[PDB]
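I'd like to ask you about the structure that follows.
Atoms within a ligand are numbered from 1 in the order they appear, just like the ligands themselves. Note on naming: letters A, B, ... go to the chains in the order of the sequence lines (proteins, then strands), and numbering restarts at 1 for each one. Values below: every heavy atom of this structure, side chains too, minus hydrogens, waters and symmetry copies.
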Amino acid sequence: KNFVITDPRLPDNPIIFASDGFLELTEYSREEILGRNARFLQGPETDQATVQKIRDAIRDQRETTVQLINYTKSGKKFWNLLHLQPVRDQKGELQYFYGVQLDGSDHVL
Amino acid sequence: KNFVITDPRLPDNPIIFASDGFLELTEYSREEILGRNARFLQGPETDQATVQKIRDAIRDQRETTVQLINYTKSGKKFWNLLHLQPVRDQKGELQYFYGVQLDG
Ligand SMILES: Cc1cc2nc3c(=O)[nH]c(=O)nc-3n(C[C@H](O)[C@H](O)[C@H](O)COP(=O)(O)O)c2cc1C
Ligand SMILES: Cc1cc2nc3c(=O)[nH]c(=O)nc-3n(C[C@H](O)[C@H](O)[C@H](O)COP(=O)(O)O)c2cc1C
């Protein structure tokens, strides 16, 4: 299904890997999204308290699961059930982050 | 949940990334699997015809979805619903394979 990998060691933690399900989910091409921060999926109705929560889980470098409003390339509004997981190397060094994305409406339970 | 990514530019197509779900699923640590080809999950009652199928999809550089007996570290049997996906670069060269696993 849908997942991405970001590189926090790079400027602004860009997406550096994107699965086919993620492209299908967002209506974006892999060219369009590699090198960018995932925040591009956010828009007007997106709750900032939730974004701050994501900002906080990333700062602390801990995993989390949230539900926030995202937008496809064509402007379609969806609940993104978003799970983050930090990844450290063999010496406890943060190397990446991973994200698994779900359409919350397709998965209300 | 469970996903690995492999590099087919490197010899023996090793696992270069693994999600925690795959760690939890297979009972291995990230250390024990990075740099290794995912075939170590295979074992004695694993269908070799299913293995040749995977090996075909990899050579053909196309996606497949198969199901096969795999083994956790402690030697526990599970039916692995395995989906593979080839990944090219912008100029069309094969750069990665990704895999999603399900306990069937
Ligand atoms: C691995 C990973 C995947 C992410 N996926 C999404 C996503 O699918 N949708 C979204 O709105 N934000 C996603 N984010 C969060 C944004 O990339 C960003 O971290 C968040 O908006 C906080 O950044 P900001 O407050 O500076 O804008 C993801 C973050 C990470 C680390
Ligand atoms: C990304 C990826 C993930 C894979 N995951 C598994 C797996 O979970 N279980 C398994 O038995 N084989 C898995 N394989 C297949 C083996 O790594 C290998 O391709 C298969 O054994 C055929 O190669 P071989 O005949 O040379 O061993 C995966 C392959 C790739 C490319």
B/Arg55 meets the salt bridge (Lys or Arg N to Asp or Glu O under 4.0 Å) criterion, sequence neighbours left out, with none
Between A/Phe3 and A/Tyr98, is the ring centroid distance below 6.0 Å?
no
> Sub-3.5 Å donor-acceptor pair from the side chain of A/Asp60 to the main-chain atoms of A/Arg62, do we have one?
Replying inline: no
N/O to N/O under 3.5 Å, ligand 2 against protein:
unit_1	atom_1	unit_2	atom_2	d
ligand 2	8 (O)	B/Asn80	ND2	3.2
ligand 2	9 (N)	B/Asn70	OD1	2.6
ligand 2	11 (O)	B/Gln42	NE2	3.2
ligand 2	11 (O)	B/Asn70	OD1	3.2
ligand 2	11 (O)	B/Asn70	ND2	2.9
ligand 2	17 (O)	B/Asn37	OD1	3.0
ligand 2	21 (O)	B/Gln42	NE2	2.8
ligand 2	25 (O)	B/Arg55	NE	2.5
ligand 2	25 (O)	B/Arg55	NH2	2.5
ligand 2	26 (O)	B/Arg39	NH2	2.9
ligand 2	27 (O)	B/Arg39	NE	2.5
ligand 2	27 (O)	B/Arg39	NH2	3.2

The complete set of salt bridge (charged side-chain N to carboxylate O under 4.0 Å, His left out) pairs with one or both residues in residues 95-104 of chain A, sequence neighbours excluded, reads none
Does the B/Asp7 side chain pair with the main chain of B/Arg9, one donor and one acceptor, at a distance under 3.5 Å? yes
So salt bridge (charged side-chain N to carboxylate O under 4.0 Å, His left out) across residues 19-31 of chain B, not counting sequence neighbours, yields B/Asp20-B/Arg30, B/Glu27-B/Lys76
